[PDB]
């Protein structure tokens, strides 16, 4: 099992 | 059994 | 960005 | 994006 | 028995 | 991309 | 900027 | 980019 | 498991 | 069994 | 930048 | 098992 999550809400 | 899921709602 | 993979296969 | 595969075959 | 799976949703 | 092969043959 | 990765795969 | 391969073949 | 988080609200 | 996963969301 | 590889193959 | 992760948010 493998899970990747990325988000960019950077200032 | 194999399951792949991907979604891109990135900001 | 979400990527998920799961596998259960005899090897 | 969803991809699913399942198999039960004697080998 | 042999199973191959590949996916490219790369950023 | 999915490739599956299974075989049960006496040899 | 958030990056997350988790994996549980026998090796 | 995901690549998966599994095999169970007597040798 | 791996988690990375970065933010820049610097003055 | 072999699993490869790569992602590039680098800043 | 994320690169993951796992393998369990008798040798 | 091998995991590589790199990020550059340097000032």
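Letters A, B, C, D, E, F, G, H, I, J, K and L mark the chains in the order given here, with residues in each chain numbered from 1 onward.
The rule is short, and it goes like this: contacts are C-beta pairs under 8 Å (C-beta built on N, C-alpha and C of every residue); 3 or more make two chains touch, one makes a residue touch a chain.
Between E-H and the choices J-L, I-L or J-K, the pair with more than half the same contact pairs by residue number is J-K.
Taking I-L and E-F together, the pair of chains sharing more C-beta contacts is E-F. A separation of 13 Å divides the Cα centre of subunit B from that of subunit J. Rounded to a whole number, the gap between the C-alpha centres of subunit D and subunit I is 39 angstrom.
In this assembly, the C-alpha centroid of subunit G lies 10 Å from the C-alpha centroid of subunit J.
Contact with two or more other chains is made by residues 1-9 of subunit H. Within the complex, the subunit L residues that touch subunit I are 3, 5, 7, 9, 11.
Within the complex formed with subunit J, the subunit H residues making contact are 1-7. Those residues of subunit J that touch subunit L in the shared complex are 10-11. Against subunit A, in their complex, subunit I makes its touches with residues 6-9. By the touch criterion given at the top, residues 2, 4, 6, 8, 10 of subunit A touch subunit J in their complex.
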